[PDB]
Amino acid sequence: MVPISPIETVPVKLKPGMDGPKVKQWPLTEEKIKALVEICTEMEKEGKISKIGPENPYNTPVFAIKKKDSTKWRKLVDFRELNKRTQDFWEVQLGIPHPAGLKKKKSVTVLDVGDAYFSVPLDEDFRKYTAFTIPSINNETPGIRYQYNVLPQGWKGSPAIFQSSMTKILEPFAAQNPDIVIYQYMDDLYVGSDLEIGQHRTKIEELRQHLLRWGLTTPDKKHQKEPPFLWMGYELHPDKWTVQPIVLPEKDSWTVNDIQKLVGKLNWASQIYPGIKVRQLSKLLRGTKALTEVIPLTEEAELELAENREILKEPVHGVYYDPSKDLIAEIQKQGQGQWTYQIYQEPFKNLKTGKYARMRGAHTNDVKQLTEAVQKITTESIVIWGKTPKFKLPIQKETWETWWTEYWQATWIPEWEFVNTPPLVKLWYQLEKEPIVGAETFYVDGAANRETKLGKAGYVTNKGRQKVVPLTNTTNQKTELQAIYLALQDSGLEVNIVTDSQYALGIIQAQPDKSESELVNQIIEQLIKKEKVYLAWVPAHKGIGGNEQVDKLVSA
Amino acid sequence: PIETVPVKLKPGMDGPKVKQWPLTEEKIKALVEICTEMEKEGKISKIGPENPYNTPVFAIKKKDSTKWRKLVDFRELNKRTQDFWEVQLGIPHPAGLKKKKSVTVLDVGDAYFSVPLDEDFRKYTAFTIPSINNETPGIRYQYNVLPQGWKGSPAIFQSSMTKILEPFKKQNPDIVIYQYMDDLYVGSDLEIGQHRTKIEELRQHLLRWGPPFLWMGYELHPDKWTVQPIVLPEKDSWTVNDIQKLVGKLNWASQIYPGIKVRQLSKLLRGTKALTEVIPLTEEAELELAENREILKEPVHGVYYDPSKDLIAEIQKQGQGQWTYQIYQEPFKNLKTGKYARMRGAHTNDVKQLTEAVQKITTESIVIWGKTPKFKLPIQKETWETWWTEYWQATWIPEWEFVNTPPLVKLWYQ
Ligand SMILES: COc1cc2nc(NC3CCN(Cc4ccc(C(N)=O)cc4)CC3)nc(Oc3c(C)cc(C#N)cc3C)c2cc1OC
Ligand SMILES: [Mg+2]
């Protein structure tokens with residue numbers, strides 16, 4: 001008998017104030033009872049469970065099920081109630097590594113640690129809460145009572161405690177063997193290295209010895225599945241990586257659930273498949289909750305789906321990370337607030353790809369969306385590679401310089417260079433800083449009756465030009481914008497505009513190039529056509545002539 | 001320091017559960033090296049999965065130093081920690097600190113590592129050193145001693161800090177010493193020649209009574225801190241546009257000052273005139289402008305600091321590296337207004353300038369009132385949260401919100 005070190009016990013408590021579960025045991029057939037007695041008898045000799053006395057007041061129901069071909073009976077302890085009362089744990093398995101951040105490994109071995117799972121002991125002060133009862137034959141003897149000594153399958157804290165226990169054990173081996181890597185996921189251990197194949201297993205044998213130090217039986221994974229590895233939906237080839245086989249189903253009556261899984265495949269495929277668009281397909285989900293409702297596809301959604309099918313006609317693969325090479329990210333505008341990007345180190349060899357869709361809002365411009373895309377790629381790159389990539393952007397250096405130096409918000413994008421890939425991001429209009437000499441001055445104003453929704457909008461200029469238009473089904477804010485629109489329509493290439501509308505000021509000073517409001521889009525179209533526009537604001541009802549004159553004309 | 005102080009959370013509040021944000025490789029490496037030594041020195045210890053709490057952590061390089069400093073974002077833990085009345089309620093904030101000729105700030109946060117932390121509260125200080133690409137589980141630690149940046153650390157250590165300062169305080173009864181978090185604000189009116197040495201007299205005292213970043217001092221001059229009243233232009237010829245902007249500026253100022261009148265200036269804007277046309281001022285408008293100009297000379301009426309209410313700081317980007325800011329508790333009742341220019345290290349980086357402005361404004365707020373303000377930042381949330389940690393150099397972190405609609409008030413502090 002060789003002594004084995006004891007695995008350190010994680011202390012576990014219940015939620016404050018809550019007590020253990022007290023769920024009644026269901027009635028079971030005579031054959032299910034007989035089957036559970038044989039299963040628990042074997043596990044008792046293995047040390048997984050132990051018989052207890054009648055003083056334990058806690059209970060968890062047991063079940064017996066069978067599978068398709070394996071004419072066997074298997075247990076099931078419904079720990080649903082105990083999990084509700086168990087404390088929260090630190091789940092160290094939230095994030096999954098992305099293949100684009102991994103480095104090439106010559107040799108990779110997979111070990112099975114499922115048998116090592118049952119060597120992790122459960123906190124002795126907590127085992128009482130895991131009690132369960134096997135009903136007796138004909139209910140004529142006291143039921144056999146058991147409690148768990150190891151981490152039970154289905155218990156809330158089993159994955160966190162098992163993974164943390166393995167990490168603590170593997171910690172000195174990895175620190176003293178820097179030429180290898182050890183990754184843990186479920187009941188598998190993945191060990192990779194760039195050593196030649198003869199020496200690689202020498203490290204593996206030393207790992208089996210180090211694990212035997214705690215009495216952990218770790219043989220090779222039974223039925224060694226050949227590359228690629230089917231891990232977290234990826235295909236990890238020795239030299240490259242990709243996504244498991246995407247297959248967009250062919251259908252003619254798409255429902256809520258179909259498009260929900262459709263955007264799920266397209267989002268999951270956009271990591272490596274460049275140019276994926278999901279805007280028109282996702283906006284059909286906006287406000288539907290019944291997953292069985294059928295919605296006709298818009299012609300711009302079928303075109304977007306058909307474009308996705310041609311992108312998905314051939315499998316696309318990605319390369320692994322090389323720390324010696326630079327990290328480069330390139331973005332392209334796709335329209336309708338859609339953006340696509342590729343991250344690579346050498347040209348034509350993407351580490352990964354991705355997309356960005358604009359946020360919800362009434363007004364926006366391309367420069368803001370490009371900026372948001374840069375921030376998303378930056379944060380994503382910090383996760384995957386721990387560094388910011390160099391950006392290649394479809395915006396000229398002068399355009400960005402004009403934007404950030406004049407924009408009212410603070411903004412910044414990291415090291416980047418212009419790449420001439422149309423469509424380019426540009427500034428479509430630039431308001432003047434000072435009043436324009438020789439340009440006509442338009443004093444605009446609008447007003448609307450809140451009761452009948454009738455309104456007026458128009459202007460008066462320093463050359464005597466005037467206009468007032470009667471409006472139906474409008475508001476004060478809409479008439480204020482309509483008045484500015486009229487001044488732009490009826491003026492020359494250069495014009496000074498004076499308004500008292502703080503609402504219109506806030507919209508225009510945000511510099512949008514596209515809006516959901518058709519009226520704002522018309523104003524933007526007029527601003528593009530102009531050479532110089534100076535927009536000035538004044539307080540309303542303050543005796544300011546021109547403003548007050550047109551205020552009287554629109555007040556009805 | 002042997003016996004601990006009992007510390008509990010606020011009623012009906014669990015510990016913080018804040019997600020660790022991604023870190024670059026150099027920051028991860030720096031934190032690994034820092035926490036390895038701190039673990040050897042007993043200041044922190046590894047924790048198991050039974051601790052579900054977490055507080056974000058990152059690394060900074062404080063001003064004019066080349067070595068990384070561990071910085072914990074205890075903002076969530078601080079607002080969940082009990083209000084501290086250590087030995088008394090609270091030391092009344094020294095109103096004379098803001099008036100001293102020179103104030104030097106010293107990082108005395110290392111002195112907290114000598115006092116142990118209540119073993120029942122240590123689990124709430126849990127933090128995670130993240131791994132790149134989630135390849136390995138994050139290294140999990142908790143604090144065994146009073147951590148830097150925690151609200152309870154200066155409170156528990158106040159009993160000790162008073163004794164180290166009394167041999168110097170009673171020697172120099174004219175020097176004001178104020179403590180806020182990990183910083184010690186030492187203000188004196190003597191000239192800068194031996195102020196450095198007088199600050200050095202503070203240093204080796206702490207070395208005698210006990211640091212990686214104590215050797216440096218942040219020099220301030222609050223008596224020369226500029227405040228900006230509202231200014232009206234002085235012109236010999238006024239265009240229609242000039243008068244229109246003046247009327248707008250005065251109308252906004254009327255919400256702050258009583259008696260602001262624009263009647264005689266508005267009558268000059270009689271008719272539909274071109275913006276660039278010069279309008280001669282009548283004597284009734286020149287008099288009205290003169291009366292408004294003197295009203296804006298006097299400070300605002302009924303403006304007081306309410307310690308029960310939060311401080312709010314608004315910042316406007318003015319262009320060319322110039323930034324204006326206002327500090328208030330209720331709108332239109334500014335407690336302090338100022339303006340910055342020429343941010344060193346960022347001529348073509350707006351975020352770095354804004355980050356330094358936030359730190360300068362917070363420093364002024366600590367000196368004047370003894371607490372940090374809630375910031376209203378003219379920046380999108382995604383841009384600020386992506387980059388602000390790259391330029392942060394202070395040991396404290398204020399709260400902030402984001403302004404998405406362009407304010408009209410920018411024109412009237414320009
Ligand atoms: C710097 O730290 C790390 C770097 C890692 N690099 C990698 N890199 C490589 C990248 C290539 N790929 C395909 C391949 C490569 C050749 C062969 C062959 N034997 O011919 C088979 C498969 C094998 C793995 N994998 C790590 O962990 C794994 C992860 C995250 C998932 C799986 C799966 N399922 C397997 C492993 C080993 C890393 C872990 C690290 O730290 C814990
Ligand atoms: Mg009006």
# chains A, B, ... in the order shown; residues from 1 in each chain; ligands from 1

call {"tool": "interface_residues", "arguments": {"of": "chain A", "to": "chain B", "cutoff": "7 Å", "atoms": "only C-alpha atoms", "output": "ChimeraX atom specification"}}
result
/A:10-12,88-90,92,95-98,101,160-161,164,372,375,379,382-387,405,408-412,435,437,441,461-462,506,509-510,538-539,542-546

call {"tool": "write_last_selection", "arguments": {"atoms": "N, CA and C atoms", "output": "compact mmCIF listing (two decimals), in the first residue's frame"}}
result
# COMPACT_ATOMS: atom_id res chain seq x y z
N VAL A 10 -13.26 21.26 0.02
CA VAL A 10 -13.83 22.59 -0.11
C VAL A 10 -14.99 22.71 0.87
N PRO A 11 -14.96 23.66 1.80
CA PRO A 11 -16.09 23.81 2.74
C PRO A 11 -17.30 24.39 2.02
N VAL A 12 -18.45 23.75 2.23
CA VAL A 12 -19.69 24.13 1.56
C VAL A 12 -20.75 24.41 2.62
N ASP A 88 -23.97 29.83 -3.60
CA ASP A 88 -23.37 30.09 -4.89
C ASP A 88 -21.88 29.78 -4.85
N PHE A 89 -21.35 29.38 -6.00
CA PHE A 89 -19.94 29.04 -6.13
C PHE A 89 -19.30 29.90 -7.21
N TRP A 90 -17.97 29.93 -7.20
CA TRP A 90 -17.22 30.60 -8.25
C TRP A 90 -17.07 29.64 -9.42
N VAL A 92 -15.51 28.67 -12.42
CA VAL A 92 -14.30 29.00 -13.17
C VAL A 92 -14.40 28.65 -14.65
N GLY A 95 -16.03 31.40 -19.36
CA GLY A 95 -15.54 31.64 -20.70
C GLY A 95 -14.80 30.45 -21.28
N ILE A 96 -14.95 30.28 -22.59
CA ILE A 96 -14.28 29.20 -23.32
C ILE A 96 -13.22 29.81 -24.22
N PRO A 97 -12.02 29.23 -24.29
CA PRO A 97 -10.98 29.80 -25.15
C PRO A 97 -11.40 29.86 -26.61
N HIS A 98 -10.99 30.94 -27.28
CA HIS A 98 -11.29 30.96 -28.71
C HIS A 98 -10.12 30.39 -29.50
N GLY A 101 -6.95 32.37 -30.63
CA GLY A 101 -5.91 32.73 -29.69
C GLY A 101 -4.95 31.63 -29.33
N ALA A 160 -17.78 23.07 -10.11
CA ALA A 160 -16.83 24.06 -9.63
C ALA A 160 -15.80 23.44 -8.69
N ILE A 161 -16.25 22.58 -7.77
CA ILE A 161 -15.33 22.00 -6.80
C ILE A 161 -14.39 21.01 -7.47
N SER A 164 -11.78 23.08 -9.61
CA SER A 164 -10.84 23.75 -8.72
C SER A 164 -9.91 22.75 -8.03
N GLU A 372 -17.61 52.56 -32.77
CA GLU A 372 -18.12 51.50 -31.92
C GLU A 372 -17.58 50.14 -32.36
N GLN A 375 -14.15 49.71 -31.00
CA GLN A 375 -14.12 49.40 -29.58
C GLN A 375 -14.46 47.93 -29.33
N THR A 379 -11.85 45.31 -27.51
CA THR A 379 -12.13 44.51 -26.32
C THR A 379 -12.07 43.02 -26.63
N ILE A 382 -8.41 42.00 -26.81
CA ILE A 382 -7.79 41.92 -25.49
C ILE A 382 -8.11 40.58 -24.84
N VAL A 383 -9.35 40.10 -25.02
CA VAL A 383 -9.73 38.80 -24.48
C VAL A 383 -8.89 37.70 -25.12
N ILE A 384 -8.83 37.69 -26.46
CA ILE A 384 -8.28 36.54 -27.17
C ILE A 384 -6.76 36.57 -27.18
N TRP A 385 -6.16 37.74 -27.42
CA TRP A 385 -4.72 37.84 -27.58
C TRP A 385 -4.02 38.71 -26.54
N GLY A 386 -4.77 39.39 -25.67
CA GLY A 386 -4.14 40.23 -24.67
C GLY A 386 -3.47 41.47 -25.21
N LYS A 387 -3.88 41.94 -26.39
CA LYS A 387 -3.29 43.13 -26.98
C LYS A 387 -4.26 43.71 -27.99
N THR A 405 -11.69 66.42 -33.94
CA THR A 405 -11.33 67.76 -33.48
C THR A 405 -12.55 68.67 -33.36
N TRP A 408 -18.44 67.25 -30.49
CA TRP A 408 -18.62 67.76 -29.14
C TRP A 408 -18.24 66.73 -28.09
N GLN A 409 -18.31 65.45 -28.42
CA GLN A 409 -17.90 64.41 -27.49
C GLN A 409 -16.40 64.14 -27.64
N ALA A 410 -15.82 63.62 -26.56
CA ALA A 410 -14.47 63.07 -26.63
C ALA A 410 -14.52 61.72 -27.33
N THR A 411 -13.56 61.48 -28.21
CA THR A 411 -13.51 60.21 -28.92
C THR A 411 -12.06 59.89 -29.27
N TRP A 412 -11.82 58.61 -29.54
CA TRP A 412 -10.47 58.12 -29.80
C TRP A 412 -10.56 56.74 -30.40
N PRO A 435 -20.97 83.16 -38.72
CA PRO A 435 -21.95 83.54 -39.74
C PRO A 435 -21.28 83.84 -41.07
N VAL A 437 -20.69 85.70 -44.48
CA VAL A 437 -20.84 87.04 -45.06
C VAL A 437 -21.39 86.90 -46.47
N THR A 441 -29.89 85.38 -44.68
CA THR A 441 -30.17 84.98 -43.30
C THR A 441 -31.64 84.61 -43.18
N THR A 461 -36.62 86.28 -44.22
CA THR A 461 -35.21 86.52 -44.46
C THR A 461 -34.91 88.01 -44.55
N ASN A 462 -33.61 88.32 -44.53
CA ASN A 462 -33.15 89.70 -44.60
C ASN A 462 -33.36 90.33 -45.97
N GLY A 506 -30.30 70.09 -30.86
CA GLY A 506 -29.75 68.85 -30.32
C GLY A 506 -29.62 67.76 -31.36
N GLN A 509 -26.75 69.11 -34.10
CA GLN A 509 -25.42 69.15 -33.49
C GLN A 509 -24.87 67.76 -33.21
N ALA A 510 -25.72 66.73 -33.19
CA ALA A 510 -25.24 65.36 -33.08
C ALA A 510 -24.66 64.85 -34.39
N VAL A 538 -31.30 81.03 -30.83
CA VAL A 538 -31.69 82.17 -29.99
C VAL A 538 -32.81 81.73 -29.07
N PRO A 539 -32.92 82.37 -27.90
CA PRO A 539 -34.04 82.06 -27.01
C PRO A 539 -35.35 82.59 -27.57
N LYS A 542 -38.27 86.35 -26.80
CA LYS A 542 -37.32 87.26 -26.18
C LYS A 542 -37.15 88.55 -26.99
N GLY A 543 -38.18 88.94 -27.74
CA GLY A 543 -38.14 90.18 -28.48
C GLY A 543 -37.15 90.22 -29.62
N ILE A 544 -36.59 89.08 -30.01
CA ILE A 544 -35.63 89.02 -31.11
C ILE A 544 -36.40 89.11 -32.42
N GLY A 545 -36.22 90.22 -33.14
CA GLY A 545 -36.91 90.39 -34.40
C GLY A 545 -36.48 89.36 -35.43
N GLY A 546 -37.32 89.21 -36.45
CA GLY A 546 -37.15 88.13 -37.39
C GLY A 546 -37.65 86.83 -36.79

call {"tool": "residues_near_ligand", "arguments": {"ligand": "ligand 1", "cutoff": "10 Å", "atoms": "only C-alpha atoms and all ligand atoms", "output": "ChimeraX atom specification"}}
result
/A:96-110,174,178-185,188-194,197,226-241,319-321 /B:131-137

call {"tool": "select_by_dssp", "arguments": {"residues": "region 162-269 of chain A", "states": "strand (DSSP E or B)", "output": "PyMOL selection string"}}
result
chain A and resi 180-185+188-193+220+229-231+234-236+241-243+255

call {"tool": "write_last_selection", "arguments": {"atoms": "N, CA and C atoms", "output": "compact mmCIF listing (two decimals), in the first residue's frame"}}
result
# COMPACT_ATOMS: atom_id res chain seq x y z
N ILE A 180 4.95 22.62 -21.84
CA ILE A 180 3.69 21.96 -22.14
C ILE A 180 2.55 22.86 -21.70
N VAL A 181 1.34 22.51 -22.14
CA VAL A 181 0.12 23.20 -21.74
C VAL A 181 -0.90 22.15 -21.34
N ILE A 182 -1.69 22.46 -20.31
CA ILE A 182 -2.70 21.55 -19.79
C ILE A 182 -4.02 22.29 -19.72
N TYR A 183 -5.02 21.80 -20.46
CA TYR A 183 -6.35 22.39 -20.48
C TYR A 183 -7.35 21.38 -19.93
N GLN A 184 -8.27 21.87 -19.09
CA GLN A 184 -9.26 21.03 -18.43
C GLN A 184 -10.66 21.43 -18.87
N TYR A 185 -11.48 20.44 -19.20
CA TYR A 185 -12.85 20.67 -19.65
C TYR A 185 -13.63 19.38 -19.45
N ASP A 188 -12.18 15.53 -19.21
CA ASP A 188 -11.06 15.37 -20.13
C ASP A 188 -9.93 16.32 -19.76
N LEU A 189 -8.70 15.86 -19.98
CA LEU A 189 -7.50 16.67 -19.81
C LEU A 189 -6.73 16.67 -21.13
N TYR A 190 -6.52 17.86 -21.68
CA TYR A 190 -5.82 18.03 -22.95
C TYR A 190 -4.42 18.57 -22.66
N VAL A 191 -3.40 17.81 -23.06
CA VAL A 191 -2.01 18.18 -22.84
C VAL A 191 -1.34 18.35 -24.19
N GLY A 192 -0.81 19.54 -24.44
CA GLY A 192 -0.14 19.82 -25.69
C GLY A 192 1.27 20.34 -25.47
N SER A 193 2.12 20.10 -26.46
CA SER A 193 3.51 20.55 -26.40
C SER A 193 4.09 20.55 -27.80
N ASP A 220 -5.32 6.70 -21.06
CA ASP A 220 -5.65 7.42 -22.28
C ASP A 220 -7.15 7.37 -22.53
N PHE A 229 -10.93 17.78 -33.32
CA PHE A 229 -11.61 17.63 -32.04
C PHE A 229 -12.96 18.33 -32.10
N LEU A 230 -14.02 17.61 -31.73
CA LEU A 230 -15.36 18.19 -31.67
C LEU A 230 -15.54 18.79 -30.28
N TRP A 231 -15.07 20.03 -30.14
CA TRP A 231 -14.98 20.71 -28.85
C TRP A 231 -15.66 22.07 -28.95
N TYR A 234 -16.45 23.66 -32.36
CA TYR A 234 -15.37 23.94 -33.30
C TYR A 234 -14.79 22.64 -33.85
N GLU A 235 -13.96 22.78 -34.88
CA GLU A 235 -13.19 21.68 -35.45
C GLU A 235 -11.72 22.08 -35.38
N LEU A 236 -11.00 21.55 -34.39
CA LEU A 236 -9.60 21.92 -34.17
C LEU A 236 -8.71 20.96 -34.95
N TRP A 241 -8.35 25.76 -37.89
CA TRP A 241 -9.57 25.57 -37.13
C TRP A 241 -10.75 26.06 -37.96
N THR A 242 -11.94 25.60 -37.60
CA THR A 242 -13.16 26.05 -38.25
C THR A 242 -14.35 25.71 -37.36
N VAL A 243 -15.54 25.98 -37.87
CA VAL A 243 -16.80 25.70 -37.19
C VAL A 243 -17.33 24.36 -37.69
N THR A 255 -40.74 30.18 -39.68
CA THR A 255 -41.44 30.56 -38.47
C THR A 255 -40.50 31.30 -37.53

call {"tool": "select_by_dssp", "arguments": {"residues": "region 273-322 of chain B", "states": "helix (DSSP H, G or I)", "output": "PyMOL selection string"}}
result
chain B and resi 283-295

call {"tool": "residues_around", "arguments": {"residues": "residue 263 (chain A)", "least_positions_apart": "5", "cutoff": "8 Å", "atoms": "only C-alpha atoms", "output": "ChimeraX atom specification"}}
result
/A:278,281-282

call {"tool": "residues_around", "arguments": {"residues": "region 75-87 of chain A", "least_positions_apart": "2", "cutoff": "9 Å", "atoms": "only C-alpha atoms", "output": "PyMOL selection string"}}
result
(chain A and resi 12-16+18-23+35-36+39-40+60-66+73+89+129-130+132+152-157) or (chain B and resi 50+52)

call {"tool": "residues_near_ligand", "arguments": {"ligand": "ligand 2", "cutoff": "10 Å", "atoms": "only C-alpha atoms and all ligand atoms", "output": "MDAnalysis selection string"}}
result
chainID A and resid 444:448 457 476 479:480 499:501 539:541 547:555

call {"tool": "write_last_selection", "arguments": {"atoms": "N, CA, C and O atoms", "output": "mmCIF file, in the first residue's frame"}}
result
data_model
loop_
_atom_site.group_PDB
_atom_site.id
_atom_site.type_symbol
_atom_site.label_atom_id
_atom_site.label_comp_id
_atom_site.auth_asym_id
_atom_site.auth_seq_id
_atom_site.Cartn_x
_atom_site.Cartn_y
_atom_site.Cartn_z
ATOM 1 N N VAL A 444 -36.255 81.163 -38.977
ATOM 2 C CA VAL A 444 -37.259 80.114 -39.085
ATOM 3 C C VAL A 444 -37.993 79.968 -37.759
ATOM 4 O O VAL A 444 -37.497 80.349 -36.693
ATOM 5 N N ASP A 445 -39.200 79.410 -37.836
ATOM 6 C CA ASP A 445 -39.968 79.047 -36.653
ATOM 7 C C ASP A 445 -41.152 78.192 -37.072
ATOM 8 O O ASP A 445 -41.636 78.281 -38.205
ATOM 9 N N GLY A 446 -41.615 77.372 -36.134
ATOM 10 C CA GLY A 446 -42.796 76.568 -36.348
ATOM 11 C C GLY A 446 -43.583 76.452 -35.059
ATOM 12 O O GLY A 446 -43.056 76.646 -33.960
ATOM 13 N N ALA A 447 -44.864 76.140 -35.215
ATOM 14 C CA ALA A 447 -45.757 75.999 -34.079
ATOM 15 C C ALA A 447 -46.888 75.068 -34.473
ATOM 16 O O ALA A 447 -47.214 74.932 -35.654
ATOM 17 N N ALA A 448 -47.480 74.421 -33.473
ATOM 18 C CA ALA A 448 -48.577 73.498 -33.703
ATOM 19 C C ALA A 448 -49.561 73.583 -32.548
ATOM 20 O O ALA A 448 -49.179 73.815 -31.399
ATOM 21 N N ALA A 457 -45.373 76.342 -40.319
ATOM 22 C CA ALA A 457 -43.922 76.421 -40.346
ATOM 23 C C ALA A 457 -43.506 77.321 -41.498
ATOM 24 O O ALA A 457 -44.179 77.380 -42.531
ATOM 25 N N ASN A 476 -45.241 70.499 -32.287
ATOM 26 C CA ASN A 476 -44.329 71.638 -32.226
ATOM 27 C C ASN A 476 -42.923 71.241 -32.653
ATOM 28 O O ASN A 476 -42.254 71.985 -33.379
ATOM 29 N N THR A 479 -42.892 70.772 -36.511
ATOM 30 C CA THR A 479 -42.938 72.042 -37.231
ATOM 31 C C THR A 479 -41.625 72.803 -37.109
ATOM 32 O O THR A 479 -41.239 73.521 -38.038
ATOM 33 N N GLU A 480 -40.925 72.658 -35.982
ATOM 34 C CA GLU A 480 -39.637 73.326 -35.826
ATOM 35 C C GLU A 480 -38.607 72.773 -36.803
ATOM 36 O O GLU A 480 -37.779 73.524 -37.333
ATOM 37 N N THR A 499 -32.784 79.776 -35.547
ATOM 38 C CA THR A 499 -33.922 79.086 -34.960
ATOM 39 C C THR A 499 -33.879 79.222 -33.446
ATOM 40 O O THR A 499 -32.833 79.501 -32.856
ATOM 41 N N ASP A 500 -35.039 79.029 -32.820
ATOM 42 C CA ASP A 500 -35.139 78.985 -31.367
ATOM 43 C C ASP A 500 -35.377 77.572 -30.851
ATOM 44 O O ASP A 500 -35.679 77.394 -29.666
ATOM 45 N N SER A 501 -35.248 76.568 -31.714
ATOM 46 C CA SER A 501 -35.585 75.191 -31.376
ATOM 47 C C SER A 501 -34.367 74.512 -30.760
ATOM 48 O O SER A 501 -33.413 74.166 -31.466
ATOM 49 N N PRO A 539 -32.918 82.369 -27.901
ATOM 50 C CA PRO A 539 -34.041 82.063 -27.007
ATOM 51 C C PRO A 539 -35.351 82.593 -27.569
ATOM 52 O O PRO A 539 -35.423 83.713 -28.079
ATOM 53 N N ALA A 540 -36.394 81.772 -27.468
ATOM 54 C CA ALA A 540 -37.701 82.154 -27.979
ATOM 55 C C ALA A 540 -38.375 83.159 -27.049
ATOM 56 O O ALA A 540 -38.039 83.279 -25.867
ATOM 57 N N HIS A 541 -39.340 83.894 -27.611
ATOM 58 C CA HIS A 541 -40.174 84.834 -26.858
ATOM 59 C C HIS A 541 -39.328 85.879 -26.133
ATOM 60 O O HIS A 541 -39.618 86.260 -24.997
ATOM 61 N N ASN A 547 -37.073 86.450 -35.647
ATOM 62 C CA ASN A 547 -37.602 85.325 -34.886
ATOM 63 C C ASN A 547 -39.005 85.627 -34.374
ATOM 64 O O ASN A 547 -39.916 84.800 -34.495
ATOM 65 N N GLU A 548 -39.199 86.818 -33.801
ATOM 66 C CA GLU A 548 -40.512 87.178 -33.275
ATOM 67 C C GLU A 548 -41.520 87.406 -34.395
ATOM 68 O O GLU A 548 -42.707 87.101 -34.231
ATOM 69 N N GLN A 549 -41.070 87.937 -35.534
ATOM 70 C CA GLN A 549 -41.972 88.146 -36.662
ATOM 71 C C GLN A 549 -42.480 86.819 -37.211
ATOM 72 O O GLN A 549 -43.684 86.647 -37.433
ATOM 73 N N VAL A 550 -41.574 85.865 -37.436
ATOM 74 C CA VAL A 550 -41.994 84.554 -37.913
ATOM 75 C C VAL A 550 -42.673 83.756 -36.805
ATOM 76 O O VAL A 550 -43.422 82.815 -37.092
ATOM 77 N N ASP A 551 -42.441 84.113 -35.537
ATOM 78 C CA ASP A 551 -43.188 83.486 -34.453
ATOM 79 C C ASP A 551 -44.655 83.892 -34.490
ATOM 80 O O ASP A 551 -45.533 83.086 -34.161
ATOM 81 N N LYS A 552 -44.937 85.132 -34.896
ATOM 82 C CA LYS A 552 -46.320 85.578 -35.010
ATOM 83 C C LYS A 552 -47.006 84.956 -36.221
ATOM 84 O O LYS A 552 -48.200 84.638 -36.169
ATOM 85 N N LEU A 553 -46.268 84.776 -37.319
ATOM 86 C CA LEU A 553 -46.863 84.220 -38.530
ATOM 87 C C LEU A 553 -47.256 82.758 -38.350
ATOM 88 O O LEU A 553 -48.226 82.300 -38.964
ATOM 89 N N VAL A 554 -46.524 82.013 -37.515
ATOM 90 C CA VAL A 554 -46.804 80.591 -37.327
ATOM 91 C C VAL A 554 -47.726 80.316 -36.148
ATOM 92 O O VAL A 554 -48.246 79.195 -36.029
ATOM 93 N N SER A 555 -47.954 81.297 -35.275
ATOM 94 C CA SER A 555 -48.783 81.094 -34.093
ATOM 95 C C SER A 555 -50.274 81.107 -34.399
ATOM 96 O O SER A 555 -51.075 80.939 -33.472
#

call {"tool": "closest_residue", "arguments": {"among": "A:534, A:113, A:478, A:266", "to": "residue 518 (chain A)", "atoms": "only C-alpha atoms"}}
result
A:478

call {"tool": "residues_around", "arguments": {"residues": "residue 459 (chain A)", "least_positions_apart": "4", "cutoff": "7 Å", "atoms": "only C-alpha atoms", "output": "number ranges by chain"}}
result
A: 442-445, 466-468, 483, 487, 550

call {"tool": "atom_distance", "arguments": {"atom1": "CA of residue 208 (chain B)", "atom2": "CA of residue 162 (chain B)"}}
result
15.1 Å

call {"tool": "residues_around", "arguments": {"residues": "residue 300 (chain B)", "least_positions_apart": "4", "cutoff": "9 Å", "atoms": "only C-alpha atoms", "output": "count of residues only"}}
result
5

call {"tool": "closest_residue", "arguments": {"among": "B:174, B:310, B:64, B:99", "to": "residue 217 (chain B)", "atoms": "only C-alpha atoms"}}
result
B:64

call {"tool": "residues_around", "arguments": {"residues": "residue 330 (chain B)", "least_positions_apart": "5", "cutoff": "10 Å", "atoms": "only C-alpha atoms", "output": "PyMOL selection string"}}
result
chain B and resi 303-306+309-312+335

call {"tool": "atom_distance", "arguments": {"atom1": "CA of residue 221 (chain B)", "atom2": "CA of residue 102 (chain B)"}}
result
4.6 Å

call {"tool": "atom_distance", "arguments": {"atom1": "CA of residue 119 (chain A)", "atom2": "CA of residue 74 (chain A)"}}
result
20.9 Å

call {"tool": "closest_residue", "arguments": {"among": "A:324, A:136, A:477, A:526", "to": "residue 492 (chain A)", "atoms": "only C-alpha atoms"}}
result
A:526

call {"tool": "closest_residue", "arguments": {"among": "A:274, A:455, A:137, A:283", "to": "residue 336 (chain A)", "atoms": "only C-alpha atoms"}}
result
A:283
